[PDB]
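Chain letters run A, B, ... following the sequence lines, proteins first, then strands; residues in each count from 1. All values below come from the heavy atoms of this structure, side chains included, with hydrogens, waters and symmetry mates left out.
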Amino acid sequence: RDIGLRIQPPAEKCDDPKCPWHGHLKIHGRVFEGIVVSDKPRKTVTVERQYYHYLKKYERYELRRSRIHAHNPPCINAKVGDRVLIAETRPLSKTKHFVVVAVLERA
Amino acid sequence: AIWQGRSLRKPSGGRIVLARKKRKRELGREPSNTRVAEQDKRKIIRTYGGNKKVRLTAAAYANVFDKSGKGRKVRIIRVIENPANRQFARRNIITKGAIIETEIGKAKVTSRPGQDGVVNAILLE
Amino acid sequence: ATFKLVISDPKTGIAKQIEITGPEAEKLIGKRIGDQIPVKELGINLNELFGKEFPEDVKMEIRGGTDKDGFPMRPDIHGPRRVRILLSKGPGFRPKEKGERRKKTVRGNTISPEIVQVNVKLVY
RNA sequence: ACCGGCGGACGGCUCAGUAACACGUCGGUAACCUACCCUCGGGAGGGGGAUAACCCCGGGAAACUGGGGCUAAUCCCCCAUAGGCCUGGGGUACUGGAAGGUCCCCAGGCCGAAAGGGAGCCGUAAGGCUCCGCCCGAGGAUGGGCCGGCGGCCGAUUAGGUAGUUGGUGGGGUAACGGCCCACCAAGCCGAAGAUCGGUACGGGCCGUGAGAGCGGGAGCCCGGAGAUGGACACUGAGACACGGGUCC
Ligand SMILES: [Mg+2]
Ligand SMILES: [Mg+2]
Ligand SMILES: [Mg+2]
Ligand SMILES: [Zn+2]
């Protein structure tokens with residue numbers, strides 16, 4: 001099966017209705033890539049991305065980081081320290097609006 | 001009364017000072033606690049955009065479906081259990097997901113009576 | 001108490017007004033809206049009022065009234081007191097606008113000395 | 001003049017509040033509503049009812065307001081049919097990056113339309129012929145609701161903050177997704193890369209100044225937000241919790 005990203009699906013199936021690979025969830029919008037930094041809550045991870053911001057007056061750069069909370073389906077089940085790919089969806093809780101769709105490099 | 005606009009708390013824990021009045025299009029309504037009764041009773045609600053909702057307040061019949069695709073209209077005896085609230089079963093409150101007992105067996109409700117106005121259930125084995 | 005009576009003959013479309021006081025009016029104090037009472041018992045030269053032959057033992061029933069300050073009587077409020085409530089239609093309010101509601105001062109059903117006008121109709 | 005229809009939610013005014021998804025920008029809604037307007041496909045069958053205006057009598061200092069008589073509609077209410085919504089079982093016709101969507105066939109229910117009305121000619125009459133109109137479905141358009149990433153103030157003589165608080169499962173409610181709100185199960189969430197608290201302030205396109213790099217401002221014109229003596233809350237409507245509409249303190 002393909003859901004529009006053109007990447008390989010997870011090996012095993014699941015029963016989560018909020019799983020894009022095996023359930024009713026639909027993805028549309030941005031796609032980001034990042035590193036997991038927290039996995040304490042059930043089915044929730046925190047993903048960090050780093051980028052550079054240009055300071056025009058001082059003609060130099062500074063490093064900034066963006067942290068996003070993502071839904072973690074049981075068929076993928078990412079852990080702290082690995083690279084993941086996330087996609088935008090409809091609101092799922094107060095702070096969750098993304099879902100993990102692939103683990104690119106296990107820790 | 002019932003305002004479904006936004007929370008007054010930031011995810012960090014700090015407070016938010018409201019910057020406007022409550023708009024009319026953000027209000028909710030009293031829950032309908034659909035009970036088991038001898039005679040059925042429903043009302044009509046005029047909703048945003050001038051649409052309608054049928055609200056069921058007392059239920060006496062139900063539609064039960066088997067795995068073969070046939071259905072029967074039978075009457076409801078009682079609510080065996082309701083995982084949504086701890087004290088719904090004692091008060092005989094029907095919501096989606098409740099287990100009801102009928103004259104042909106136990107059934108699990110699949111519709112939302114407060115939003116649709118009928119009680120549909122699938123037969124248990 | 002002194003009462004100003006408005007008697008309407010429903011079969012003709014004509015009404016007459018007279019003033020009644022004393023033991024005659026003291027009889028009427030206590031009657032609600034929608035109850036009958038004979039006119040002969042009260043005492044009124046009815047055939048002279050309208051100039052027409054009228055049936056024997058004919059009676060009348062109270063339809064409404066207005067108190068001494070200008071507020072009317074509302075059939076659905078029990079007792080003789082005066083209240084101030086929110087209305088959307090009916091006696092004591094004329095809307096003029098769609099869905100409008102307003103707070104008005106009204107009376108009850110039972111007659112009392114504070115009343116001045118009494119509207120009744122003839123019942124055969 | 002009255003009943004009835006459409007409009008009065010735009011336009012105009014001010015900058016108190018607000019350090020926030022308020023605003024700028026790029027995206028999303030497969031999670032949503034929309035009277036007026038455009039195109040295509042259909043429908044207009046049968047009954048009932050009151051009441052203002054008008055006549056009789058009025059009440060109150062006025063603001064306002066009572067009873068009886070009679071009458072009409074593109075006013076109101078029923079019955080039918082079309083139609084809509086929910087759930088279970090099958091089929092694979094459509095769009096799309098991808099179907100909790102659309103389409104076809106069974107089955108159990110709930111809701112449930114309409115004004116062939118008005119004007120003008122040919123009509124001997126029969127009846128046409130235009131003009132303006134009523135209801136349902138599919139789509140658009142117009143006007144919005146909601147969501148996300150990024151961007152732009154000062155203070156450490158403010159260092160720890162949060163307990164529906166962060167997430168999960170089952171529901172309710174909403175036009176719609178969501179701790180938006182409940183019942184149960186866990187211990188999460190934010191922070192010296194400055195949380196929390198305090199100060200000051202409507203945001204932007206822009207404007208003043210300077211060789212430039214910069215520094216300072218953001219009343220007047222346009223686009224967005226908010227308010228109608230202060231604080232709370234409802235009715236009607238496609239749209240309001242309504243500046244020249246309603247209720248309480
Ligand atoms: Mg200010
Ligand atoms: Mg019908
Ligand atoms: Mg500023
Ligand atoms: Zn899965």
- Task: Evaluate the stacking of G117(D) against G118(D), requiring that the six-membered ring centres lie under 5.5 Å apart and that the ring planes differ by under 30 degrees.
- Result: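 Stacked, because both conditions hold for the base rings of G117(D) and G118(D).
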- Task: Kindly check if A238(D) and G237(D), neighbours in the strand, have base rings whose centres sit closer than 5.5 angstrom and whose planes are less than 30 degrees apart?
- Result: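 Ring centres or planes out of range, so no.
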Need one value for [X]: base, sugar-phosphate or nothing, where a base atom within 4.0 Å counts as base even if backbone is also close, heavy atoms only.
| X | answer |
| --- | --- |
| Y51(A) | sugar-phosphate |
| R1(A) | sugar-phosphate |
| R84(C) | sugar-phosphate |
| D67(C) | sugar-phosphate |
| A1(B) | sugar-phosphate |
| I7(C) | nothing |
| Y61(B) | nothing |
| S38(A) | sugar-phosphate |
| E97(C) | base |
| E88(A) | base |
| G117(B) | nothing |

- Message: Wobble or Watson-Crick, both distances short of 3.5 angstrom: do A232(D) and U247(D) pair?
- Response: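 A232(D)/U247(D): base pair present.
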- Item | Check: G237(D) base within 3.5 Å donor-acceptor of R25(B) side chain |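 A donor-acceptor contact between them is absent.
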- Give a yes or no on whether a donor-acceptor pair under 3.5 Å exists between the nucleobase atoms of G239(D), that is its base, and the side chain of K24(B).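 There is none.
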Is [N] in the syn range, within 90° of 0, or in the anti range?
| N | value |
| --- | --- |
| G83(D) | anti |
| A50(D) | anti |
| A226(D) | anti |
| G112(D) | anti |

Using the side-chain heavy atoms of [X], tell me which of these nucleotides is nearest: [options].
| X | options | value |
| --- | --- | --- |
| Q4(B) | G27(D), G172(D), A240(D) | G172(D) |
| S12(B) | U196(D), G88(D), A176(D) | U196(D) |
| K73(B) | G227(D), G66(D), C110(D) | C110(D) |
| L63(A) | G168(D), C33(D), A193(D) | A193(D) |
| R102(C) | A22(D), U247(D), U169(D) | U247(D) |
| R29(B) | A192(D), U174(D), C146(D) | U174(D) |
| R42(A) | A183(D), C241(D), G168(D) | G168(D) |
| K96(B) | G112(D), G172(D), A22(D) | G172(D) |
| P41(A) | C189(D), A228(D), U174(D) | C189(D) |
| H69(A) | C33(D), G179(D), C189(D) | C189(D) |

- Task: Look at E88(A) together with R30(A) and state whether they make a salt bridge at an N to O cut-off of under 4.0 Å.
- Result: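 Salt bridge absent between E88(A) and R30(A).
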- Task: Indicate, with yes or no, if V31(A) and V47(A) share a hydrophobic cluster defined by side-chain heavy-atom contacts under 4.5 Å among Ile, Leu, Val, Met, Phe, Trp and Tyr.
- Result: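 Cluster IDs for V47(A) and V31(A) match.
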- Message: Does the protein touch nucleotides 67-77 of chain D at the base, only the backbone, or not at all? Give it as B, S and - per nucleotide, heavy atoms under 4.0 Å.
- Response: BBS--------
- 5′-ward residue of the pair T95(B)/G4(A) relative to RNA chain D: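 Taking each residue's closest nucleotide, the earlier one in sequence belongs to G4(A).
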- In Watson-Crick or G-U wobble terms, both distances under 3.5 Å, what is the partner of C2(D)?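 Its partner is none (no Watson-Crick or G-U wobble pair with both distances under 3.5 Å).
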- Query: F93(C) ring centre to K104(C) NZ or CZ under 6.0 Å, with the angle to the axis within 45°?
  - Reply: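 Cation-pi check for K104(C) and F93(C): fails.
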- Query: Cation over ring, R75(B) on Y61(B), under 6.0 Å and within 45°?
  - Reply: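 Output yes; distance and angle both within limits.
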